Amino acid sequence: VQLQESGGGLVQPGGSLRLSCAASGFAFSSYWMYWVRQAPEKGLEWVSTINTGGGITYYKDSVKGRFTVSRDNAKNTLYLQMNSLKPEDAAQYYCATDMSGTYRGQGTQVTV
């Protein structure tokens, strides 16, 4: 199982970024996918959930209305549109096959 995060960077409060997550070694379209984060001195936190399709999406209370999870099953990529950014969101972002990042990659750094 391979999961590679990208799409991070530095932005100003209210700014936007899009996280990408390339997958291989498993039937991606047969899995639900999860987005997690980790602030410096804090513990790993669940951010978003997406079904095998796009019909069922879930978000952490704080990111609701600002973040949007999507996926391209043909490209085997997961996405997280991060609009109207706040410094609370400034953390390390990982994609996983569950909450608390199982099979997570090296992640992507998100600065506000």
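The first residue of the sequence shown is number 1, and the count goes up from there.
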61 to 69 or 23 to 31, whichever carries the higher mean Cα B-factor
23 to 31
For residue 51, the third of its chain by CA B-factor is the middle
Should residue 44 be placed in the lowest, middle or highest third of its chain by the C-alpha B factor in the entry?
highest
Chain thirds by Cα B factor, record data; residue 11 belongs to the middle
Rank-wise, by C-alpha B-factor, drop residue 96 into the lowest, middle or highest third of its chain.
highest
